[PDB]
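As a starting point, one isolated chain is supplied in structure tokens, in the form deposited in one PDB entry.
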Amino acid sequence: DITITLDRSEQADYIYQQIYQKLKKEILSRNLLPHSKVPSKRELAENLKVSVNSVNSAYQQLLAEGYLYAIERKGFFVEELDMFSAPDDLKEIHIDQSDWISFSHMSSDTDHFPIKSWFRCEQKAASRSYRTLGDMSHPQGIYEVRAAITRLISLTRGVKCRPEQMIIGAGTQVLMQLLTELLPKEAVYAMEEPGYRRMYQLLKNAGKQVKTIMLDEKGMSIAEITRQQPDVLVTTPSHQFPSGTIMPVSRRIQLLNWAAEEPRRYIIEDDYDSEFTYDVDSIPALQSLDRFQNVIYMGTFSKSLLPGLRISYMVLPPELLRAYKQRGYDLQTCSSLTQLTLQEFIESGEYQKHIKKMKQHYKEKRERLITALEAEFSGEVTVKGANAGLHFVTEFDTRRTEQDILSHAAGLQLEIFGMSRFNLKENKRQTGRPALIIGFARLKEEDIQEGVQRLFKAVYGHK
């Protein structure tokens, strides 16, 4: 046996810990042979000049982990262990956002959130019933929260449902996965082209057949839906993503009738930015016009609050809910304190105040942005999309490819995205004009002008 040299100041590690660690390293390195008796508690105690309690703790550690075994009529013996049979690229690097200007449609506003009142609602939610904070984890989410959301969307979106039909949460991705699991396995999905490509990727990764469907001026094509004859539709009726067109009531009715015609047809309504409409009132959801229960309403608080919180919900037709209650193993992905905090934010009226304020603010920001764009680009830029939501589309007159513009803007520390990322299937068909999606969500007004000045070269090389 080799020797145990232990730091007696410990701290570092406790004496017993240093001991059993050395013993582990020694049993593993084979320097202590299997079935070899180690000194008795008192013996090694005397050798190391430490407390018997320490040696005993170490030995109990070994005994529990199975490094040593005990023999009535002692001592303790090394257990018989088998020998072990026999970056750069990965490793992300850190580069700060300072100072980048971001036209990204993702992320969100920070400086304008009522964080203090959010914390007030948090303290309130916790203290309200604290013993009840470990009381309820319901897989669909806490009933009171589902109730508050049901009521809220009853007011705002005209959505009709019971809290029993609602499922929180923690992002639209998890809910969409769950939904693909609740729907028929062989179900043929269909999405808007162009559209939300993360959803397309998620659908294709489950090996689902996803047919792509073009938009006319009215949004999702009912003729192409009729032709390709899919099972479930995935649509963004309020503000179409990326394109930004509001689906008129005629096309909505066309879709609803399509879904009512045959058994087992569904429509997933993805409602993301709908609480913001600058010219008019918020438009009632597709779901509100449905008498047939073919529409699964998905909604999100993600644009509303939300650094970096991510709460979402989906309302299901009864059949799917019944298909859901027969799984049994699901767990709620949202923190209970988060849910209750949300309930407090909604029921105290702070949420709707927030939405009003941010609505005005975003209206102003989009206005100033468009003004800067028209100033810089004059009539060489075309702005597409409704006045609503956190993004719009911009086309430019130039032969410079989208890639050139993206890379040149990258060199300018300007963050933008081209529309090509929203193509589910690649189409050329044909050429330019190149197009960008412009989010104003997290952007400072003071950063607007320079931003638009960092745009325009590219779109034009250097000018």
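Throughout, we count residues from 1 along the sequence that is shown. Each form is matched to the other, and the largest set of C-alpha atoms that superpose within 1.5 Å is called the rigid core.
One more form of this protein should be noted, the form deposited in another entry, which is absent from this view; the next part is about it.
Just one of the listed positions, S154, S288, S335, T132, moves its Cα by at least 2 Å between the shown form and the other one when the rigid core is held fixed, and it is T132. Once the rigid core is used as the reference frame, the Cα position of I95 differs between the shown form and the other one by 2 Å or more. Once the cores line up, the CA of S378 ends up 2 angstroms or more apart between the shown form and the other one. Annotation for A410: C-alpha shift of 2 angstroms or more between the shown form and the other one, rigid core superposed.
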